[PDB]
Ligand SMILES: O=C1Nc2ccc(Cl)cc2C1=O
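Only one chain comes next, encoded as structure tokens, the form solved without the ligand.
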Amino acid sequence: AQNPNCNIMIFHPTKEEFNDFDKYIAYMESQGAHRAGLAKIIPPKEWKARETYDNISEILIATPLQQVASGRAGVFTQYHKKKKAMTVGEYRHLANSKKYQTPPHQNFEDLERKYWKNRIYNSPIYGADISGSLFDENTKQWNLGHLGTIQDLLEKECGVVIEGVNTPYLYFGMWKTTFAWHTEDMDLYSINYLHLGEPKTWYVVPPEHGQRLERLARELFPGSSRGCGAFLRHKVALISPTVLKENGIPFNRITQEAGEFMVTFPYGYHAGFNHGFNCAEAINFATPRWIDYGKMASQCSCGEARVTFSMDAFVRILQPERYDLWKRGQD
């Protein structure tokens, strides 16, 4: 079995290998990359996402989210308070202000220590989940707005045509902005490109060990667990690496820098934080190997998770027994 310790693998495709996206995902899996839950892909030196980032300041963040924490430094939840709209240029200035800027630090490890020690005492503002793309239309390789759609993959694999669309999302981050422990909707893959700015640190649990994380989470968030049998779908719970280590949960960590892609694999729980002002782009995708994970994905039916239009068909076709209850949670 390849990669039996489930280490995060890093790939350096040539420009020739960068032509066929599906083929390269399958290659990475042939080397055991999925066992980690997360892989890094460094694009060939010839490639670029677009010519410059000099003209992005007028993009609107219609609903910036202030991420307010509750709990203890290593075990907390966050809720999102909606703030007034602002442009990317306004948000960048905010991120660089004395109140929100990255503190002085020695290296990524020192910054990680400061994040875990101090996150809860601050409420950073995240421009998340903004529909759109920063890939130039002329970028033909690994353009996250030009991937094969998940609806077309389900149709190719299973023969059933379904409604729905699949488009990318932009994330504008600042110091301490945080992504809670989660898997993707329907345990899909995700791909994330860090277009510009400061790094993003990721933590990930191997898919084969995801239920160990879930059991810890039920212990650490016991009211939430009674409220919902899949509460990590709410995307609000954080658990630090120190706490994970104390409880014997297998995980890995890696820092993504500007110009790098990350791929999350089906049922790979992940969480992380931004180091400073940055912009990422991400989208879900599927492969044939995903179908079995989609059929087994947990679902939130308590009403909290509320998701896209396109998840309807996935539930309806892959999980018909769950469909009625899940849809009640959507309505």
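Shifts are known only where both forms have a C-alpha. Note that residue numbering begins at 1 and tracks the sequence as displayed. Between two forms, the rigid core is defined as the largest C-alpha subset superposing within 1.5 Å.
- Of the two segments, 318 to 326 and 9 to 17, the one listed with the higher mean B-factor is 318 to 326 (C-alpha atoms only).
- Note on 137 to 145 vs 246 to 254: mean CA B-factor is higher in 137 to 145.
- For the set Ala230, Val75, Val204, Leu216, the maximum C-alpha B-factor listed in the entry falls on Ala230.
- Of the candidates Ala33, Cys302, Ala69, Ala286, the deposited coordinates give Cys302 the top C-alpha B factor.
- Sorting the modelled residues of the chain by their CA temperature factor places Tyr27 in the middle third.
- Sorting the modelled residues of the chain by their CA temperature factor places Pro266 in the lowest third.
- Annotation for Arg113: CA B-factor lies in the middle third of the chain's modelled residues.
- Annotation for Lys200: C-alpha temperature factor in the lowest third relative to the rest of the modelled chain, per the entry.
- Remark: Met296 belongs to the highest third of its chain, ranked by C-alpha B-factor as recorded.
Keep in mind that the form solved in complex with the ligand is not shown, yet the notes after this line are about it.
- This form has no room for the ligand: after superposition of the C-alphas round the site, using its pose in the entry with it bound, 3 or more of its atoms sit within 2.4 Å of a backbone or C-beta atom.
- At least one heavy atom of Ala305 is located within 4.5 Å of the ligand in the entry with it bound.
- When the ligand is considered in the entry with it bound, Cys300 lines it closely, a heavy atom lying within 4.5 Å.
- Contacts with the ligand in the entry with it bound, taken as any heavy atom within 4.5 Å, map to no residue of 115 to 153.
- Comparing the conformations between this form and the one not shown, with the rigid core held fixed, yields only the displaced run 324 to 328, spanning 3+ consecutive residues whose C-alpha shift is 2 Å or more.
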